[PDB]
$ cat final-v3.json   # JSON, C-alpha atoms
[["chain", "number", "residue", "atom", "x", "y", "z"],
["A", 21, "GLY", "CA", 32.21, -2.88, 9.27],
["A", 22, "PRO", "CA", 30.30, 0.41, 8.90],
["A", 23, "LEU", "CA", 31.93, 3.75, 8.11],
["A", 24, "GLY", "CA", 31.26, 7.48, 8.21],
["A", 25, "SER", "CA", 32.59, 10.95, 9.00],
["A", 26, "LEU", "CA", 32.13, 13.73, 11.56],
["A", 27, "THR", "CA", 30.72, 16.99, 10.23],
["A", 28, "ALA", "CA", 27.76, 19.33, 10.71],
["A", 29, "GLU", "CA", 26.61, 22.62, 9.19],
["A", 30, "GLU", "CA", 23.49, 24.39, 7.92],
["A", 31, "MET", "CA", 22.36, 27.60, 6.21],
["A", 32, "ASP", "CA", 18.67, 28.38, 6.68],
["A", 33, "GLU", "CA", 16.88, 28.36, 10.03],
["A", 34, "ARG", "CA", 13.91, 26.00, 9.72],
["A", 35, "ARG", "CA", 13.62, 25.50, 5.96],
["A", 36, "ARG", "CA", 13.36, 27.17, 2.55],
["A", 37, "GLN", "CA", 10.06, 26.08, 1.00],
["A", 38, "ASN", "CA", 6.88, 24.72, 2.59],
["A", 39, "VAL", "CA", 5.64, 22.50, -0.24],
["A", 40, "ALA", "CA", 9.08, 21.04, -0.94],
["A", 41, "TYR", "CA", 10.07, 20.60, 2.70],
["A", 42, "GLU", "CA", 6.72, 18.86, 3.13],
["A", 43, "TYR", "CA", 7.45, 16.33, 0.39],
["A", 44, "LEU", "CA", 10.84, 15.23, 1.72],
["A", 45, "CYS", "CA", 9.61, 15.20, 5.32],
["A", 46, "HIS", "CA", 6.75, 12.94, 4.22],
["A", 47, "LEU", "CA", 9.16, 10.33, 2.86],
["A", 48, "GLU", "CA", 11.03, 10.25, 6.17],
["A", 49, "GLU", "CA", 7.71, 9.25, 7.73],
["A", 50, "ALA", "CA", 6.63, 6.74, 5.09],
["A", 51, "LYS", "CA", 9.77, 4.77, 5.97],
["A", 52, "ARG", "CA", 9.25, 5.16, 9.72],
["A", 53, "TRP", "CA", 5.74, 3.70, 9.58],
["A", 54, "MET", "CA", 6.76, 0.93, 7.18],
["A", 55, "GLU", "CA", 9.68, -0.19, 9.36],
["A", 56, "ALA", "CA", 7.65, 0.52, 12.50],
["A", 57, "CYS", "CA", 5.58, -2.60, 11.85],
["A", 58, "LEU", "CA", 8.05, -4.54, 9.70],
["A", 59, "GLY", "CA", 11.40, -3.89, 11.36],
["A", 60, "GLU", "CA", 14.44, -3.58, 9.11],
["A", 61, "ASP", "CA", 17.26, -1.15, 8.33],
["A", 62, "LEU", "CA", 15.71, 0.94, 5.55],
["A", 63, "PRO", "CA", 17.50, 3.44, 3.27],
["A", 64, "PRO", "CA", 17.63, 7.23, 3.82],
["A", 65, "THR", "CA", 15.23, 9.82, 2.42],
["A", 66, "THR", "CA", 17.50, 10.83, -0.46],
["A", 67, "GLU", "CA", 17.79, 7.15, -1.39],
["A", 68, "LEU", "CA", 14.23, 6.24, -0.42],
["A", 69, "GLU", "CA", 12.94, 6.96, -3.93],
["A", 70, "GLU", "CA", 15.73, 4.65, -5.11],
["A", 71, "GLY", "CA", 14.56, 1.85, -2.84],
["A", 72, "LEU", "CA", 10.84, 2.22, -3.50],
["A", 73, "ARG", "CA", 11.19, 2.22, -7.28],
["A", 74, "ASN", "CA", 12.32, -1.40, -6.90],
["A", 75, "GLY", "CA", 9.56, -3.99, -7.04],
["A", 76, "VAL", "CA", 11.20, -5.66, -4.05],
["A", 77, "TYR", "CA", 9.56, -3.06, -1.81],
["A", 78, "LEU", "CA", 6.34, -3.16, -3.84],
["A", 79, "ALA", "CA", 5.76, -6.84, -3.09],
["A", 80, "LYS", "CA", 7.01, -6.67, 0.50],
["A", 81, "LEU", "CA", 4.33, -4.05, 1.22],
["A", 82, "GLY", "CA", 1.63, -5.87, -0.72],
["A", 83, "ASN", "CA", 2.55, -9.08, 1.08],
["A", 84, "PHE", "CA", 2.93, -7.76, 4.63],
["A", 85, "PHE", "CA", -0.86, -7.56, 4.81],
["A", 86, "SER", "CA", -2.00, -9.49, 1.73],
["A", 87, "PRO", "CA", 0.63, -12.18, 1.05],
["A", 88, "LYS", "CA", -2.07, -14.15, -0.75],
["A", 89, "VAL", "CA", -3.04, -11.79, -3.58],
["A", 90, "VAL", "CA", 0.70, -11.45, -4.19],
["A", 91, "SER", "CA", 2.72, -14.40, -5.49],
["A", 92, "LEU", "CA", 5.27, -16.09, -3.22],
["A", 93, "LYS", "CA", 9.05, -15.79, -3.56],
["A", 94, "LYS", "CA", 8.50, -13.05, -6.14],
["A", 95, "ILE", "CA", 11.30, -10.90, -4.74],
["A", 96, "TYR", "CA", 14.83, -11.50, -6.03],
["A", 97, "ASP", "CA", 16.17, -13.32, -2.97],
["A", 98, "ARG", "CA", 15.12, -10.19, -1.07],
["A", 99, "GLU", "CA", 18.75, -9.10, -1.42],
["A", 100, "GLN", "CA", 18.49, -6.50, -4.18],
["A", 101, "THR", "CA", 22.16, -7.22, -4.91],
["A", 102, "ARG", "CA", 21.86, -7.25, -8.70],
["A", 103, "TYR", "CA", 19.87, -4.02, -8.44],
["A", 104, "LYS", "CA", 22.51, -1.91, -6.70],
["A", 105, "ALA", "CA", 24.92, -3.27, -9.31],
["A", 106, "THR", "CA", 23.46, -1.41, -12.29],
["A", 107, "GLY", "CA", 19.73, -1.07, -11.68],
["A", 108, "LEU", "CA", 16.51, -2.65, -12.91],
["A", 109, "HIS", "CA", 16.73, -5.56, -15.35],
["A", 110, "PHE", "CA", 13.08, -5.41, -16.43],
["A", 111, "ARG", "CA", 12.47, -8.20, -13.92],
["A", 112, "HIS", "CA", 11.98, -6.34, -10.64],
["A", 113, "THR", "CA", 9.01, -4.49, -12.13],
["A", 114, "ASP", "CA", 7.15, -7.80, -11.99],
["A", 115, "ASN", "CA", 6.84, -7.42, -8.21],
["A", 116, "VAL", "CA", 5.35, -3.97, -8.80],
["A", 117, "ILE", "CA", 2.43, -5.23, -10.89],
["A", 118, "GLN", "CA", 1.51, -7.64, -8.09],
["A", 119, "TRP", "CA", 1.31, -4.80, -5.57],
["A", 120, "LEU", "CA", -1.15, -3.02, -7.87],
["A", 121, "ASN", "CA", -3.32, -6.15, -7.95],
["A", 122, "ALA", "CA", -3.37, -6.21, -4.15],
["A", 123, "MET", "CA", -6.06, -3.53, -4.41],
["A", 124, "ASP", "CA", -8.41, -6.23, -5.72],
["A", 125, "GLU", "CA", -8.28, -7.65, -2.19],
["A", 126, "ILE", "CA", -10.97, -5.12, -1.27],
["A", 127, "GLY", "CA", -11.81, -3.56, -4.62],
["A", 128, "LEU", "CA", -10.34, -0.08, -4.23],
["A", 129, "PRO", "CA", -11.29, 2.61, -6.78],
["A", 130, "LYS", "CA", -9.24, 3.77, -9.77],
["A", 131, "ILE", "CA", -7.92, 6.81, -7.91],
["A", 132, "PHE", "CA", -5.64, 4.37, -6.09],
["A", 133, "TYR", "CA", -4.57, 2.47, -9.21],
["A", 134, "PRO", "CA", -1.00, 3.65, -9.92],
["A", 135, "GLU", "CA", 0.67, 2.63, -13.18],
["A", 136, "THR", "CA", 4.11, 1.05, -13.59],
["A", 137, "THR", "CA", 5.11, 3.83, -15.99],
["A", 138, "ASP", "CA", 5.55, 6.03, -12.92],
["A", 139, "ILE", "CA", 7.22, 3.34, -10.81],
["A", 140, "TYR", "CA", 9.84, 2.81, -13.51],
["A", 141, "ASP", "CA", 10.88, 6.46, -13.59],
["A", 142, "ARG", "CA", 13.93, 7.47, -11.55],
["A", 143, "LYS", "CA", 12.83, 11.11, -11.54],
["A", 144, "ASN", "CA", 9.11, 11.34, -10.80],
["A", 145, "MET", "CA", 6.77, 8.97, -8.95],
["A", 146, "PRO", "CA", 4.28, 10.77, -6.68],
["A", 147, "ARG", "CA", 1.49, 8.22, -7.15],
["A", 148, "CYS", "CA", 3.84, 5.76, -5.43],
["A", 149, "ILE", "CA", 4.38, 7.68, -2.20],
["A", 150, "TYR", "CA", 0.83, 9.03, -2.12],
["A", 151, "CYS", "CA", -0.59, 5.53, -2.54],
["A", 152, "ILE", "CA", 1.64, 4.19, 0.23],
["A", 153, "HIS", "CA", 0.12, 6.84, 2.50],
["A", 154, "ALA", "CA", -3.43, 5.75, 1.69],
["A", 155, "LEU", "CA", -2.53, 2.11, 2.34],
["A", 156, "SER", "CA", -2.52, 3.02, 6.03],
["A", 157, "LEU", "CA", -6.25, 3.78, 6.19],
["A", 158, "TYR", "CA", -6.91, 0.94, 3.76],
["A", 159, "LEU", "CA", -5.83, -1.80, 6.17],
["A", 160, "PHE", "CA", -7.29, 0.18, 9.07],
["A", 161, "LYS", "CA", -10.63, -0.05, 7.26],
["A", 162, "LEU", "CA", -10.95, -3.82, 6.85],
["A", 163, "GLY", "CA", -8.69, -4.44, 9.83],
["A", 164, "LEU", "CA", -6.97, -2.81, 12.80],
["A", 165, "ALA", "CA", -3.67, -1.67, 11.29],
["A", 166, "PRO", "CA", -1.85, 1.37, 12.72],
["A", 167, "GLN", "CA", -2.47, 4.93, 11.51],
["A", 168, "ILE", "CA", 0.32, 7.14, 10.16],
["A", 169, "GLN", "CA", 1.02, 10.18, 12.33],
["A", 170, "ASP", "CA", 1.62, 13.73, 11.11],
["A", 171, "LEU", "CA", 4.66, 15.60, 12.42],
["A", 172, "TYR", "CA", 6.50, 16.84, 9.33],
["A", 173, "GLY", "CA", 8.94, 19.63, 10.12],
["A", 174, "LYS", "CA", 11.12, 17.95, 12.74],
["A", 175, "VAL", "CA", 13.81, 16.84, 10.29],
["A", 176, "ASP", "CA", 15.53, 19.50, 8.20],
["A", 177, "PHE", "CA", 17.08, 18.91, 4.78],
["A", 178, "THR", "CA", 19.51, 20.29, 2.20],
["A", 179, "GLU", "CA", 18.92, 23.43, 0.14],
["A", 180, "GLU", "CA", 19.66, 21.80, -3.21],
["A", 181, "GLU", "CA", 17.19, 18.99, -2.57],
["A", 182, "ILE", "CA", 14.29, 21.02, -1.17],
["A", 183, "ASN", "CA", 14.70, 23.63, -3.90],
["A", 184, "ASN", "CA", 14.96, 20.86, -6.49],
["A", 185, "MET", "CA", 11.78, 19.24, -5.17],
["A", 186, "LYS", "CA", 9.42, 22.15, -5.89],
["A", 187, "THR", "CA", 11.19, 22.37, -9.25],
["A", 188, "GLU", "CA", 10.57, 18.79, -10.36],
["A", 189, "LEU", "CA", 6.92, 19.37, -9.45],
["A", 190, "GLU", "CA", 6.80, 22.74, -11.22],
["A", 191, "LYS", "CA", 7.22, 21.57, -14.82],
["A", 192, "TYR", "CA", 6.26, 17.89, -14.73],
["A", 193, "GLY", "CA", 3.07, 18.91, -12.94],
["A", 194, "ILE", "CA", 3.37, 16.44, -10.07],
["A", 195, "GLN", "CA", -0.15, 15.91, -8.73],
["A", 196, "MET", "CA", -0.05, 16.96, -5.07],
["A", 197, "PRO", "CA", -3.32, 15.74, -3.50],
["A", 198, "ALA", "CA", -4.49, 16.51, 0.04],
["A", 199, "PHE", "CA", -3.12, 13.88, 2.43],
["A", 200, "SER", "CA", -5.77, 15.12, 4.86],
["A", 201, "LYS", "CA", -8.58, 14.04, 2.53],
["A", 202, "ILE", "CA", -7.47, 10.68, 1.15],
["A", 203, "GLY", "CA", -10.08, 8.23, 2.42],
["A", 204, "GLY", "CA", -13.00, 10.23, 1.08],
["A", 205, "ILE", "CA", -13.75, 8.29, -2.09],
["A", 206, "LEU", "CA", -13.60, 4.68, -0.91],
["A", 207, "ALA", "CA", -15.58, 5.75, 2.16],
["A", 208, "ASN", "CA", -18.43, 7.06, 0.01],
["A", 209, "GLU", "CA", -18.46, 4.15, -2.45],
["A", 210, "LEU", "CA", -18.11, 1.02, -0.32]]
$ encode --input "final-v3.json" --output "structure tokens"
Amino acid sequence: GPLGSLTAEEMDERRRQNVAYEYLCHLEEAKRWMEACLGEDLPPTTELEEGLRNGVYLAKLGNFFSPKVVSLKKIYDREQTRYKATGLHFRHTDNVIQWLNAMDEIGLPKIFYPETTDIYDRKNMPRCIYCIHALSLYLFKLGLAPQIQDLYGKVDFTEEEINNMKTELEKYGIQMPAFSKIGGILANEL
């Protein structure tokens, strides 16, 4: 059975940083929209990056709408048991490559062509989240898929995480594009 404790406490009022708090908050949404249509107990925000890095989620997303472009039974029994054990065995990444090919379904530009080098990095992977956000309008373009809503700022976070966020994107130079203007390239060059 499940477990847990009973505690609650905070420091700041609303948040510490705007850019950082925006990043974390975004993740909380990316999972809400994904499960909103799919329907499955997904991991938390602090572990989200740990669940997305796995190709298992890369194929599941690239198969939920385009199960053709993506091979079948690519996922490792969709259990990710061996993963939690130690981590990636240079086999899960395979599912990632497929997801990248899914773009060929419509012929998206290069701006939406994330590399595996970023997906196989348990420290930085903005192109991953960002891309997942654009996928919303993508399907909504050649289909009638739902559109992600914007309401970041309803779920607070820790001080060590938020502060660490802006930090990781202060030296590594994490490209922070405008989520408001994502479908501006593919729209021009159809």
$ closest_residue --input "final-v3.json" --among "A:186, A:121, A:197, A:203" --to "residue 158 in chain A" --atoms "only C-alpha atoms"
A:203
$ residues_around --input "final-v3.json" --residues "residue 40 in chain A" --least-positions-apart "6" --cutoff "7 Å" --atoms "only C-alpha atoms" --output "PyMOL selection string"
chain A and resi 182-183+185-186
$ closest_residue --input "final-v3.json" --among "A:135, A:125, A:141, A:32" --to "residue 72 in chain A" --atoms "only C-alpha atoms"
A:141
$ closest_residue --input "final-v3.json" --among "A:69, A:60, A:97, A:181" --to "residue 139 in chain A" --atoms "only C-alpha atoms"
A:69
$ residues_around --input "final-v3.json" --residues "residue 111 in chain A" --least-positions-apart "4" --cutoff "9 Å" --atoms "only C-alpha atoms" --output "PyMOL selection string"
chain A and resi 75+96+115
$ write_last_selection --input "final-v3.json" --atoms "C-alpha atoms" --output "compact mmCIF listing (two decimals), in the coordinates of the input"
# COMPACT_ATOMS: atom_id res chain seq x y z
CA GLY A 75 9.56 -3.99 -7.04
CA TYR A 96 14.83 -11.50 -6.03
CA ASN A 115 6.84 -7.42 -8.21
$ residues_around --input "final-v3.json" --residues "residue 143 in chain A" --least-positions-apart "5" --cutoff "12 Å" --atoms "all atoms listed in the file" --output "JSON, numbers by chain"
{"A": [67, 69, 70, 73, 137, 138, 184, 185, 187, 188, 189, 192, 194]}
$ atom_distance --input "final-v3.json" --atom1 "CA of residue 142 in chain A" --atom2 "CA of residue 34 in chain A"
28.2 Å
$ build_atoms --input "final-v3.json" --residues "range 81-106 of chain A" --atoms "N, CA and C atoms" --output "JSON list (two decimals), keeping the file's coordinate frame"
[["chain", "number", "residue", "atom", "x", "y", "z"],
["A", 81, "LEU", "N", 5.43, -4.83, 0.65],
["A", 81, "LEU", "CA", 4.33, -4.05, 1.22],
["A", 81, "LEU", "C", 2.99, -4.70, 0.90],
["A", 82, "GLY", "N", 2.87, -5.23, -0.32],
["A", 82, "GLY", "CA", 1.63, -5.87, -0.72],
["A", 82, "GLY", "C", 1.52, -7.29, -0.21],
["A", 83, "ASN", "N", 2.53, -7.73, 0.53],
["A", 83, "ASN", "CA", 2.55, -9.08, 1.08],
["A", 83, "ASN", "C", 2.52, -9.05, 2.60],
["A", 84, "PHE", "N", 2.91, -7.92, 3.18],
["A", 84, "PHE", "CA", 2.93, -7.76, 4.63],
["A", 84, "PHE", "C", 1.52, -7.85, 5.20],
["A", 85, "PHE", "N", 0.53, -7.52, 4.38],
["A", 85, "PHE", "CA", -0.86, -7.56, 4.81],
["A", 85, "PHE", "C", -1.67, -8.52, 3.94],
["A", 86, "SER", "N", -1.31, -8.61, 2.67],
["A", 86, "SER", "CA", -2.00, -9.49, 1.73],
["A", 86, "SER", "C", -1.00, -10.34, 0.95],
["A", 87, "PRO", "N", -0.35, -11.28, 1.66],
["A", 87, "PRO", "CA", 0.63, -12.18, 1.05],
["A", 87, "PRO", "C", -0.01, -13.19, 0.11],
["A", 88, "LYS", "N", -1.34, -13.23, 0.10],
["A", 88, "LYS", "CA", -2.07, -14.15, -0.75],
["A", 88, "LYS", "C", -2.21, -13.59, -2.17],
["A", 89, "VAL", "N", -2.84, -12.43, -2.28],
["A", 89, "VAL", "CA", -3.04, -11.79, -3.58],
["A", 89, "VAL", "C", -1.72, -11.68, -4.33],
["A", 90, "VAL", "N", -0.62, -11.57, -3.59],
["A", 90, "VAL", "CA", 0.70, -11.45, -4.19],
["A", 90, "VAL", "C", 1.42, -12.80, -4.20],
["A", 91, "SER", "N", 2.01, -13.14, -5.34],
["A", 91, "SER", "CA", 2.72, -14.40, -5.49],
["A", 91, "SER", "C", 3.74, -14.58, -4.37],
["A", 92, "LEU", "N", 4.28, -15.79, -4.25],
["A", 92, "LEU", "CA", 5.27, -16.09, -3.22],
["A", 92, "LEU", "C", 6.67, -16.21, -3.83],
["A", 93, "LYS", "N", 7.67, -15.73, -3.10],
["A", 93, "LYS", "CA", 9.05, -15.79, -3.56],
["A", 93, "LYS", "C", 9.23, -14.97, -4.83],
["A", 94, "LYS", "N", 8.42, -13.92, -4.98],
["A", 94, "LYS", "CA", 8.50, -13.05, -6.14],
["A", 94, "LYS", "C", 9.76, -12.20, -6.11],
["A", 95, "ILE", "N", 10.12, -11.73, -4.91],
["A", 95, "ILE", "CA", 11.30, -10.90, -4.74],
["A", 95, "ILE", "C", 12.56, -11.65, -5.16],
["A", 96, "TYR", "N", 13.57, -10.91, -5.60],
["A", 96, "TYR", "CA", 14.83, -11.50, -6.03],
["A", 96, "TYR", "C", 15.72, -11.82, -4.83],
["A", 97, "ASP", "N", 15.40, -12.90, -4.13],
["A", 97, "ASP", "CA", 16.17, -13.32, -2.97],
["A", 97, "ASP", "C", 16.15, -12.23, -1.89],
["A", 98, "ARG", "N", 15.24, -11.28, -2.03],
["A", 98, "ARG", "CA", 15.12, -10.19, -1.07],
["A", 98, "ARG", "C", 16.50, -9.65, -0.69],
["A", 99, "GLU", "N", 17.40, -9.59, -1.66],
["A", 99, "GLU", "CA", 18.75, -9.10, -1.42],
["A", 99, "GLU", "C", 19.01, -7.82, -2.21],
["A", 100, "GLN", "N", 18.33, -7.68, -3.34],
["A", 100, "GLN", "CA", 18.49, -6.50, -4.18],
["A", 100, "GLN", "C", 19.96, -6.24, -4.49],
["A", 101, "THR", "N", 20.73, -7.32, -4.62],
["A", 101, "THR", "CA", 22.16, -7.22, -4.91],
["A", 101, "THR", "C", 22.40, -6.83, -6.36],
["A", 102, "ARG", "N", 21.72, -7.52, -7.27],
["A", 102, "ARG", "CA", 21.86, -7.25, -8.70],
["A", 102, "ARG", "C", 21.35, -5.86, -9.04],
["A", 103, "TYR", "N", 20.44, -5.35, -8.22],
["A", 103, "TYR", "CA", 19.87, -4.02, -8.44],
["A", 103, "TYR", "C", 20.92, -2.94, -8.23],
["A", 104, "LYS", "N", 21.49, -2.89, -7.03],
["A", 104, "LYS", "CA", 22.51, -1.91, -6.70],
["A", 104, "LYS", "C", 23.65, -1.94, -7.71],
["A", 105, "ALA", "N", 23.86, -3.11, -8.31],
["A", 105, "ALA", "CA", 24.92, -3.27, -9.31],
["A", 105, "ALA", "C", 24.79, -2.24, -10.42],
["A", 106, "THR", "N", 23.70, -2.34, -11.19],
["A", 106, "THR", "CA", 23.46, -1.41, -12.29],
["A", 106, "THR", "C", 22.08, -0.77, -12.17]]
